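Structure file input.cif; described as mmCIF, C-alpha atoms.
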```cif
data_work
loop_
_atom_site.group_PDB
_atom_site.id
_atom_site.type_symbol
_atom_site.label_atom_id
_atom_site.label_comp_id
_atom_site.auth_asym_id
_atom_site.auth_seq_id
_atom_site.Cartn_x
_atom_site.Cartn_y
_atom_site.Cartn_z
ATOM 1 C CA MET A 1 302.791 103.695 108.170
ATOM 2 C CA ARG A 2 299.188 102.851 109.054
ATOM 3 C CA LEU A 3 296.133 104.848 107.985
ATOM 4 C CA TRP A 4 293.229 104.609 110.420
ATOM 5 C CA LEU A 5 290.097 105.284 108.370
ATOM 6 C CA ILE A 6 286.919 106.707 109.918
ATOM 7 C CA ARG A 7 283.839 107.738 107.956
ATOM 8 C CA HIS A 8 281.734 110.458 109.568
ATOM 9 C CA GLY A 9 278.676 109.433 111.551
ATOM 10 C CA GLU A 10 275.056 109.405 110.454
ATOM 11 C CA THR A 11 273.645 112.684 109.137
ATOM 12 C CA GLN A 12 270.159 114.021 108.491
ATOM 13 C CA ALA A 13 270.639 113.687 104.731
ATOM 14 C CA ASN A 14 271.312 109.979 105.280
ATOM 15 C CA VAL A 15 268.112 109.700 107.314
ATOM 16 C CA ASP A 16 266.259 111.453 104.485
ATOM 17 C CA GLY A 17 267.984 109.465 101.720
ATOM 18 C CA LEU A 18 269.340 112.647 100.141
ATOM 19 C CA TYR A 19 272.481 113.322 98.162
ATOM 20 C CA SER A 20 274.904 114.960 100.585
ATOM 21 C CA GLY A 21 277.883 116.357 98.695
ATOM 22 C CA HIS A 22 279.412 119.542 100.040
ATOM 23 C CA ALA A 23 276.175 120.681 101.702
ATOM 24 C CA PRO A 24 276.423 121.243 105.505
ATOM 25 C CA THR A 25 274.074 118.583 106.713
ATOM 26 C CA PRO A 26 274.259 118.059 110.492
ATOM 27 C CA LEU A 27 275.154 114.933 112.410
ATOM 28 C CA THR A 28 272.211 113.084 113.952
ATOM 29 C CA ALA A 29 272.248 112.089 117.628
ATOM 30 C CA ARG A 30 273.101 108.607 116.344
ATOM 31 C CA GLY A 31 276.109 110.051 114.511
ATOM 32 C CA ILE A 32 277.302 111.738 117.695
ATOM 33 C CA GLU A 33 276.864 108.382 119.472
ATOM 34 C CA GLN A 34 278.833 106.672 116.695
ATOM 35 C CA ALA A 35 281.705 109.151 116.995
ATOM 36 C CA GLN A 36 281.702 109.135 120.803
ATOM 37 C CA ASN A 37 281.878 105.337 120.840
ATOM 38 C CA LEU A 38 284.736 105.514 118.328
ATOM 39 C CA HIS A 39 286.582 107.855 120.697
ATOM 40 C CA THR A 40 286.677 105.138 123.349
ATOM 41 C CA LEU A 41 287.258 102.407 120.749
ATOM 42 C CA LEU A 42 290.551 104.061 119.704
ATOM 43 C CA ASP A 43 291.489 105.806 122.956
ATOM 44 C CA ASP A 44 294.655 103.717 123.376
ATOM 45 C CA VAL A 45 295.741 104.111 119.738
ATOM 46 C CA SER A 46 298.621 106.604 119.762
ATOM 47 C CA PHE A 47 297.983 108.752 116.715
ATOM 48 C CA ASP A 48 300.564 111.301 115.606
ATOM 49 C CA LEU A 49 298.587 112.930 112.776
ATOM 50 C CA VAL A 50 294.949 113.615 111.884
ATOM 51 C CA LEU A 51 293.858 114.377 108.315
ATOM 52 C CA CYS A 52 290.261 115.510 107.908
ATOM 53 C CA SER A 53 287.968 116.679 105.143
ATOM 54 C CA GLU A 54 286.801 120.291 105.045
ATOM 55 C CA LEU A 55 283.123 119.400 105.464
ATOM 56 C CA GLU A 56 281.944 120.061 108.999
ATOM 57 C CA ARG A 57 280.256 116.676 109.433
ATOM 58 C CA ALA A 58 283.752 115.179 109.183
ATOM 59 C CA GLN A 59 285.273 117.792 111.495
ATOM 60 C CA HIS A 60 282.428 117.351 113.988
ATOM 61 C CA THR A 61 283.275 113.644 113.956
ATOM 62 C CA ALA A 62 287.016 114.262 114.332
ATOM 63 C CA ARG A 63 286.315 116.445 117.373
ATOM 64 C CA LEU A 64 284.275 113.745 119.118
ATOM 65 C CA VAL A 65 286.732 110.943 118.361
ATOM 66 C CA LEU A 66 289.645 113.084 119.461
ATOM 67 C CA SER A 67 288.050 114.613 122.578
ATOM 68 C CA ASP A 68 290.707 116.033 124.943
ATOM 69 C CA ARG A 69 293.611 114.440 123.062
ATOM 70 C CA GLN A 70 295.042 117.614 121.453
ATOM 71 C CA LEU A 71 296.447 116.129 118.237
ATOM 72 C CA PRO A 72 297.387 118.138 115.120
ATOM 73 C CA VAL A 73 294.545 118.229 112.582
ATOM 74 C CA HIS A 74 295.223 118.901 108.902
ATOM 75 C CA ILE A 75 292.213 119.920 106.811
ATOM 76 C CA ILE A 76 292.753 118.289 103.407
ATOM 77 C CA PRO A 77 290.341 119.458 100.659
ATOM 78 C CA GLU A 78 291.201 116.321 98.668
ATOM 79 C CA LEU A 79 289.395 114.335 101.393
ATOM 80 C CA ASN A 80 286.145 116.205 100.683
ATOM 81 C CA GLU A 81 282.992 114.485 99.520
ATOM 82 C CA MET A 82 282.248 114.675 95.808
ATOM 83 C CA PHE A 83 280.571 117.964 94.859
ATOM 84 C CA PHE A 84 277.135 117.094 93.458
ATOM 85 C CA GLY A 85 276.323 120.646 92.353
ATOM 86 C CA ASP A 86 272.612 121.275 91.882
ATOM 87 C CA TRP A 87 271.770 117.739 93.076
ATOM 88 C CA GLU A 88 272.810 118.252 96.712
ATOM 89 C CA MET A 89 270.174 117.962 99.455
ATOM 90 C CA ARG A 90 267.831 116.331 96.935
ATOM 91 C CA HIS A 91 266.400 112.839 96.592
ATOM 92 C CA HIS A 92 266.814 110.212 93.886
ATOM 93 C CA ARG A 93 263.086 110.039 93.102
ATOM 94 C CA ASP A 94 262.699 113.796 92.667
ATOM 95 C CA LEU A 95 265.840 114.051 90.520
ATOM 96 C CA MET A 96 264.569 111.562 87.900
ATOM 97 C CA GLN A 97 261.600 113.877 87.331
ATOM 98 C CA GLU A 98 263.040 117.383 87.815
ATOM 99 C CA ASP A 99 266.321 116.714 85.941
ATOM 100 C CA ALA A 100 265.520 113.554 83.985
ATOM 101 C CA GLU A 101 268.111 113.565 81.201
ATOM 102 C CA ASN A 102 271.174 114.727 83.144
ATOM 103 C CA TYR A 103 270.277 112.463 86.070
ATOM 104 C CA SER A 104 269.540 109.417 83.883
ATOM 105 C CA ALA A 105 272.921 109.905 82.217
ATOM 106 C CA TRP A 106 274.449 109.794 85.698
ATOM 107 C CA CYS A 107 272.496 106.731 86.848
ATOM 108 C CA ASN A 108 273.466 104.909 83.636
ATOM 109 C CA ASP A 109 277.111 106.104 83.551
ATOM 110 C CA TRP A 110 278.193 107.206 87.031
ATOM 111 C CA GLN A 111 281.881 107.054 86.106
ATOM 112 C CA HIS A 112 281.764 109.716 83.401
ATOM 113 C CA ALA A 113 278.541 111.708 83.696
ATOM 114 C CA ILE A 114 278.820 115.051 85.498
ATOM 115 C CA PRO A 115 276.259 115.907 88.207
ATOM 116 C CA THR A 116 274.430 119.063 87.151
ATOM 117 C CA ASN A 117 276.834 121.956 87.844
ATOM 118 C CA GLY A 118 278.952 119.675 90.027
ATOM 119 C CA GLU A 119 282.113 117.578 89.714
ATOM 120 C CA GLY A 120 282.317 114.225 87.961
ATOM 121 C CA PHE A 121 283.861 111.007 89.196
ATOM 122 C CA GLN A 122 286.923 111.672 87.031
ATOM 123 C CA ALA A 123 287.783 114.891 88.876
ATOM 124 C CA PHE A 124 286.856 113.295 92.210
ATOM 125 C CA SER A 125 289.017 110.212 91.642
ATOM 126 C CA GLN A 126 291.904 112.425 90.504
ATOM 127 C CA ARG A 127 291.625 114.382 93.763
ATOM 128 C CA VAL A 128 292.033 111.149 95.727
ATOM 129 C CA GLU A 129 294.933 110.153 93.476
ATOM 130 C CA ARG A 130 296.677 113.423 94.359
ATOM 131 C CA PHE A 131 296.118 112.701 98.047
ATOM 132 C CA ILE A 132 297.677 109.261 97.569
ATOM 133 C CA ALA A 133 300.694 110.829 95.845
ATOM 134 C CA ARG A 134 301.019 113.184 98.843
ATOM 135 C CA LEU A 135 301.439 110.381 101.397
ATOM 136 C CA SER A 136 305.227 110.409 100.973
ATOM 137 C CA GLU A 137 305.096 113.884 102.515
ATOM 138 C CA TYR A 138 303.849 112.233 105.740
ATOM 139 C CA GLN A 139 306.559 109.539 105.704
ATOM 140 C CA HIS A 140 307.690 110.438 109.247
ATOM 141 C CA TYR A 141 304.345 109.537 110.865
ATOM 142 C CA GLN A 142 303.295 106.084 112.061
ATOM 143 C CA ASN A 143 299.553 106.211 112.902
ATOM 144 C CA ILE A 144 297.639 108.710 110.761
ATOM 145 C CA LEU A 145 293.897 108.961 111.390
ATOM 146 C CA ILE A 146 291.799 109.917 108.355
ATOM 147 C CA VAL A 147 288.288 111.307 108.885
ATOM 148 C CA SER A 148 286.434 111.471 105.576
ATOM 149 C CA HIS A 149 283.484 110.125 103.576
ATOM 150 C CA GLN A 150 282.267 106.872 102.068
ATOM 151 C CA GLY A 151 283.275 107.625 98.481
ATOM 152 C CA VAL A 152 286.707 108.971 99.423
ATOM 153 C CA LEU A 153 287.698 106.201 101.823
ATOM 154 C CA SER A 154 286.344 103.327 99.718
ATOM 155 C CA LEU A 155 288.197 104.644 96.668
ATOM 156 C CA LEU A 156 291.297 105.223 98.796
ATOM 157 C CA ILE A 157 291.321 101.545 99.763
ATOM 158 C CA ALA A 158 290.782 100.417 96.167
ATOM 159 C CA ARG A 159 293.524 102.572 94.648
ATOM 160 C CA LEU A 160 296.061 101.819 97.398
ATOM 161 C CA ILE A 161 295.909 98.054 96.828
ATOM 162 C CA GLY A 162 296.253 98.672 93.101
ATOM 163 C CA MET A 163 292.716 98.367 91.740
ATOM 164 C CA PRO A 164 290.904 100.620 89.254
ATOM 165 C CA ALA A 165 288.646 103.366 90.538
ATOM 166 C CA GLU A 166 285.528 101.416 89.524
ATOM 167 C CA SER A 167 286.151 98.640 92.069
ATOM 168 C CA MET A 168 285.829 101.074 94.998
ATOM 169 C CA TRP A 169 282.426 99.495 95.576
ATOM 170 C CA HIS A 170 283.923 96.225 96.834
ATOM 171 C CA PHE A 171 284.786 98.064 100.104
ATOM 172 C CA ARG A 172 281.778 99.827 101.594
ATOM 173 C CA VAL A 173 282.956 101.934 104.549
ATOM 174 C CA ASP A 174 280.412 101.956 107.378
ATOM 175 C CA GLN A 175 279.386 104.564 109.930
ATOM 176 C CA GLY A 176 280.237 103.949 113.561
ATOM 177 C CA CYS A 177 283.154 101.756 112.441
ATOM 178 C CA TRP A 178 286.871 102.163 111.819
ATOM 179 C CA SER A 179 289.276 100.641 109.298
ATOM 180 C CA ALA A 180 293.048 100.458 108.962
ATOM 181 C CA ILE A 181 295.396 99.990 106.029
ATOM 182 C CA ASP A 182 299.182 99.510 106.230
ATOM 183 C CA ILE A 183 301.595 100.892 103.629
ATOM 184 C CA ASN A 184 305.271 99.947 103.396
ATOM 185 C CA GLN A 185 307.329 100.843 100.319
ATOM 186 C CA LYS A 186 304.000 101.848 98.747
ATOM 187 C CA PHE A 187 302.735 98.278 99.144
ATOM 188 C CA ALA A 188 299.327 98.574 100.805
ATOM 189 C CA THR A 189 297.881 95.876 103.069
ATOM 190 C CA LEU A 190 294.247 96.132 104.149
ATOM 191 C CA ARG A 191 294.226 94.910 107.757
ATOM 192 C CA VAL A 192 290.886 95.971 109.307
ATOM 193 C CA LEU A 193 287.594 96.950 107.674
ATOM 194 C CA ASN A 194 284.500 98.250 109.482
ATOM 195 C CA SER A 195 285.423 97.193 112.998
ATOM 196 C CA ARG A 196 283.510 98.077 116.153
ATOM 197 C CA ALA A 197 286.117 96.570 118.493
ATOM 198 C CA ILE A 198 288.741 98.323 120.594
ATOM 199 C CA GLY A 199 291.660 99.284 118.392
ATOM 200 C CA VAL A 200 295.128 97.853 118.943
ATOM 201 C CA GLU A 201 298.186 99.596 117.525
ATOM 202 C CA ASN A 202 300.278 97.539 115.108
#
```

Show how you would write the structure in this file as structure tokens.
Amino acid sequence: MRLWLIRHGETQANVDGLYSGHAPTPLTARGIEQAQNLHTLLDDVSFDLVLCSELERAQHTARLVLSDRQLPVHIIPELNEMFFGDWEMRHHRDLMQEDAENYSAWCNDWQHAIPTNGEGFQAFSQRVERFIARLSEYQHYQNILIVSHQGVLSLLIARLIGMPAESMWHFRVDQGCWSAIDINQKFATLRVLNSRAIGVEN
């Protein structure tokens, strides 16, 4: 099978440098342009399954990429952005002053520190691990499109090719781009990362 990875387009929180999390921040006109361009970039890619995160910025993207195509869309909560709790829709500068200790512990130990009343990277990375273990349930599909977020998709790449969760940061997943990873007998091959070219089915 091949997973076509798409991160949602630009959002207002991105423009304002804010932590996004589960908060419903809207797509910016640039993010609509990014998704609309992606629709034509992968128009001739014959998908048979779409898996999308619950957050509407991802579903808004999946609508624009899909357009009139009418493909089945599964809403997978495992594909959701990390839940930052009290820190959502707030900026890094303000957090170091309003919540100094809990936020410093996160900046100095992002892998184990829990965002204030949110979910830590351990629970987040276990969610993605469960999604990976669920891929056998889609074994009858050939071209699955995944619409998700930067942290989910980057960690998905890292875990699929057999690396620890920490090395997710070697694969930044960009907006307005698409990536693809092939899996055969649970051996993952990263084939395309952050392309803006017309897709070609493999």

Evaluated on this file, the PyMOL selection byres ((chain A and resi 147-164) around 6) picks out some residues - which ones are they, written as a list in words? residues 6, 7, 52, 53, 58, 79, 81, 146, 165, 166, 167, 168, 171, 173 and 188 of chain A

Run the PyMOL selection byres ((chain A and resi 199-201) around 9) against the file shown and list the residues it catches, as an MDAnalysis selection string. chainID A and resid 41:46 143 178 195:198 202

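Distance annotation: of A:193, A:122, A:27, A:86, the residue with the minimal separation from residue A:110 is A:122; atom set is all atoms listed in the file.
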
Which value, in Å to one decimal, gives the distance between atom CA of residue A:133 and atom CA of residue A:186? 10.0 Å

Could you tell me which residues the PyMOL selection byres ((chain A and resi 12-22) around 9) grabs in this file, written as a ChimeraX atom specification? /A:10-11,23-28,54-55,80-85,87-92

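Taking atom CA of residue A:57 as the reference point, atom CA of residue A:37 is found at 16.2 Å.
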
Calculated over only C-alpha atoms, which of the candidates A:59, A:67, A:142, A:184 has the smallest distance to residue A:36?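 Closest to residue A:36 of all the choices is A:67.
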
Between atom CA of residue A:51 and atom CA of residue A:129, what is the spacing in Å?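 About the pair atom CA of residue A:129 and atom CA of residue A:51: they are 15.5 Å apart.
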
Where's the centre, and what are the edge lengths in Å to one decimal, of a box along x, y and z enclosing all listed atoms of stretch 45-48 of chain A padded 3 Å per side, as lines of an AutoDock Vina configuration file?
```
center_x = 298.2
center_y = 107.7
center_z = 117.7
size_x = 10.8
size_y = 13.2
size_z = 10.2
```
